[PDB]
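First structure 1, then structure 2: two forms of the same chain, each alone, as structure tokens.
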Structure 1
């Protein structure tokens, strides 16, 4: 055992005890207070708590890094990335393209970039499970009629032709076993659904992923995003120039403010203060472990009027943003190459940030979060979503397993016994989540800490020929 490891384990332990002592004392005092006297004492209480809590989260971070734990995790995560990218690349480049089994994917799903991009990942992940090379049809793409290679590398160097001796629409892996070329529709109309879908992960990688990553389901998705978004040279160069142009440096926290057409249809309007309370919080945590020269924020939004508002309200912050990109994201000009290049750039810098504050109901932020997983060993917790938990459109039921019992205090809560399977709908970021107790068919709230994630595994191919 490590000297610093035990020191840290005990400092975290004792720090929690003192926190419990602190809580009990101040609450007993609070029960005897009223009005402003009550409200000021509660505010001072909250300030003191945040620092204490952050001291514990800092000791927890150090524990995750002490005694070579950080060095090992990066090497293993690196070995895992290399392995998958090696298998994907092998699958994507058969010797004889005319005789390879293929799966055709059409990019023109009726939605935005991140949603269309997730369609390709959904296509790619099933092509992986079926040992079929992915063929991506991207002509007449709404962001770029020139197609996929307007921005990114082709998904294959040897097999980009879709010809085959037999062709047909999706009907099942078994039924299509002797069909060379299979056309795959969007997940919304996929029947029958195969098991190669989120949030499951390859059975052969399950044990290694749990040791490294706090959310393997996102990591698995990120591996296909990592492959797809290989930039064309001019795009690679422009990212390199934008990085230098915007003075993009660390430490930096990424913020995605999705407004415009999303409001009133798939999400709500969130004031800028709802985002910045968590940015400031995180900078207070990082300050506990390093020197914060300047409080930097990369702001990605389709509201071009927001940057002036933000700079006005937070003058001690350095806001890094491309307002012309935000303007290009406008509804009247959203579906062009220039706007496409804009959102690609914004997502890149969001993914490169040290922390991500946004709304996961927007696919733009979910992509940045996914890419982030490829830049760090375990960046699963390096975010805060103002609404939805992480999800992938079309995923199988996101389930959890109750580990502690719960008796409802109100009719709006649901009971839980250890072992109950809970299908989570979301986290309210108030200590409570919302979901259904499948055993009872009741829906309602439950404490977010009394459940555990039910990790799903699928027997994927392992492509041993790629070594």
Structure 2
């Protein structure tokens, strides 16, 4: 047992006791207060709780690193990656291309860059699940006409061709048992659905993942994003100098505002969490200058942000073409900015965005491959992580709830709870499957139900 581990463990425990004492004390003061006075007292109270909880989180952070835990987690994540990539790399590059089981994916889905990327990932997952080499059809692609491989490595080194002895539309793995080249439609209408969809995870990989990762579901998706998104050497060198040119430097927080009464929306709502996290980082390292990478479809916002937060240094893709003239010929450059935004977002120490946005989900999924466990490394102003087309996202009720209003669901330990969302206010919304009722419950009383599937193992 580690010295620091036990010190940290008790300081966490005593930090929460102290918090709880301070809580009931100052809460009993608030009961005897009147408008004006009650205001000042509640904000000071909040101020003070802020720092207090930050001290608990900081201890939890230190605890996650002590007996070489940090190093172990790093070697173990690095490990599972090298593993899953080898497996992918294997499947992708067979010897006899002409005779190899294939699954065919078409890129040009009627939707934005992130949306298409996920469609490939989705084809990719099912390929891997079904033991077929992914073949990627990217001809006349809105972003780079000239093919996917004008921007990123080919998805194969030894089998990029569509051909084969027979060719069906997807009709179920067992039925296509014997079709050498299956053609896969978009998820939206896929009408024998295969088990290989999010948010499940390979049965053979689960123990290891749960041990290393806050959300194996996203970690799994991120393996396919990882393989795909390998850059052509020109893309690499453009990234490096945009890094230089824009000044992008750690520590940085990614903010992504997807635009055109209401509020999960105005800039302040984003910057609330940026400040909180920056405060938190300041407990464990010196923050020289507070850095944000702002990604928006709105040029008016970067001027406003700089005004409202003169504390903060904002950094943005302002670039009006690639670094070398040559390259604007490769890409129809709404794509330049999207590649760079996603890059720099995924690269940041923390990410504040709106998960209902494809782009932000890509940034987060990439992020997962940049650290041992960056599952908790975001704040989204609406959705929890999801993947378009996933099977139902289910939770397990861990403690009893008795509703205090009828807008809330009851539950019992064990209850399967279909979660629609978290409200970032102590409450989540979802369905009590046992009861066929939908309402609020407190987010703490429930626990993530991890889904697994018997994927092919590929022993090489």
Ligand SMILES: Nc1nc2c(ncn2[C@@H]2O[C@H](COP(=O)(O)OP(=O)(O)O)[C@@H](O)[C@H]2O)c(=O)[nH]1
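Positions refer to the first chain, counted from 1. For clarity, a rigid core is taken as the largest C-alpha set superposing within 1.5 Å between two forms.
Form assignment for the chain places structure 2 as the one matching the criterion, namely the form solved without ligand GDP. When the two forms are superposed on their rigid core between the two structures, the C-alpha shift of 2 Å or more among 396, 163, 323, 131 belongs solely to 323. In this overlay on the rigid core, residue 72 has a C-alpha that sits less than 2 Å away from its partner position between the two structures. Comparing the forms between the two structures, the C-alpha position of residue 334 differs by 2 angstroms or more, with the core used for superposition. The two forms line up on their rigid core, and residue 108 then has its Cα shifted by 1.1 Å between the two structures. With both forms fitted on their core, the C-alpha atom of residue 14 sits 0.2 Å from where it sits in the other form; this compares the forms between the two structures.
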